[PDB]
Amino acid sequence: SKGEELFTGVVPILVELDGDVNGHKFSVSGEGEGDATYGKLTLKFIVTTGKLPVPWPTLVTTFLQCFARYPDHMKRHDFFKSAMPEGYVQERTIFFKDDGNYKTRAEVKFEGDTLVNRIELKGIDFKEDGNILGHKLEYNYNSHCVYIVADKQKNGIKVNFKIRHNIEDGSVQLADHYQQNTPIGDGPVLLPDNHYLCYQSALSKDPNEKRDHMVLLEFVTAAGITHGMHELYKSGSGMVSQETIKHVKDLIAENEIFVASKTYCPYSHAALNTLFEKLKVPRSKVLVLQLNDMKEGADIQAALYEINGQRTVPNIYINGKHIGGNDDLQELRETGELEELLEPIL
């Protein structure tokens, strides 16, 4: 399958990392599973070479954003899954305030029914007495959202975020991240509009594990883009004769309630149900118009736009005053404005 289809269910994950921080070589292996529908991640890492020369917490970001949950209205912005199965390369440079930095490169891709994260990390200029080499960071992780931005030039995404690692003495170790993601193959990929990815992580130990390890649980969700559906409702694609313009105006002035609609339009359905059922308004007070059922439907609707700028049905009016669409009608229903507008009419 292609792109997101590959993440519909629970996916097995494998992670491999070879690192050398300040000359101290080490390598870790990790396994778990992802469930993008719930933005779930469950992994277990084990150090193969002995122990870790750095705190586990400082490796969390390095140790799978293709598993984040993207809401139904943000599928077009899921860059990570669109790169699969071929994958993408993730590069980062993490500057540790008043200390050394990590430079990382990783290739994420499917190898069979498995998503594999192969990483290479190098650390340099770290203080042997600092919080990193000195192992002074609490075994926890803070929650927060990061700002995701597309990099049209590189055909991928960019991210600059800061991680705060709690230090045992109540203070904090600053981890300034610089992330760059690039597609591996040359097939289509979805570049997103700026948005957010909110993380929540949980670190634990396997009481049955005797080698240095870490059990990570991450919950990730995409957020920040607006639900385009009701927006589209408002948006819509020779000028009309004044003859028609006045006529529509007359229709507006000569009627207590005016409603231009179409028989198949949901918003019209609801606007009408609101007036005739919910608010039990008399059919003799409401002049309805099924534009898709008239000779001059087009002309009328055209004339309407010319008169109020609205291009979509339902186009509602009350006592000569333009109201708008259904959302405008619901607007006034809640603020209680509608009830008072109808009082006189009723």
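Don't overthink the numbering: it's just position in the shown sequence, from 1.
Going from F63 to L64, you skip over 1 to 3 residues of the deposited sequence that the entry leaves unmodelled. In this entry, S237 and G238 are separated by 4 to 9 residues of the deposited sequence that lack coordinates.
Per-stretch averaging of Cα B factors for 20-28 and 326-334 places 326-334 on top. For the two regions 96-104 and 214-222, the entry's Cα B-factors average higher over 96-104. For the set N142, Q242, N194, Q90, the PDB entry puts the maximum C-alpha B factor at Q242. When the C-alpha B-factors of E256, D72, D78, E138 are ranked from the entry, the top spot goes to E256. For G228, the recorded CA temperature factor ranks within the highest third of the chain's modelled residues.
Looking at the C-alpha B-factors along this chain, the one for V172 belongs to the highest third. For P53, the recorded CA B-factor ranks within the middle third of the chain. Only modelled residues enter the ranking. The deposited CA B-factor of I307 belongs to the middle third of values across its chain.
Sort the chain's modelled residues by C-alpha temperature factor and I148 lands in the middle third, per the entry.
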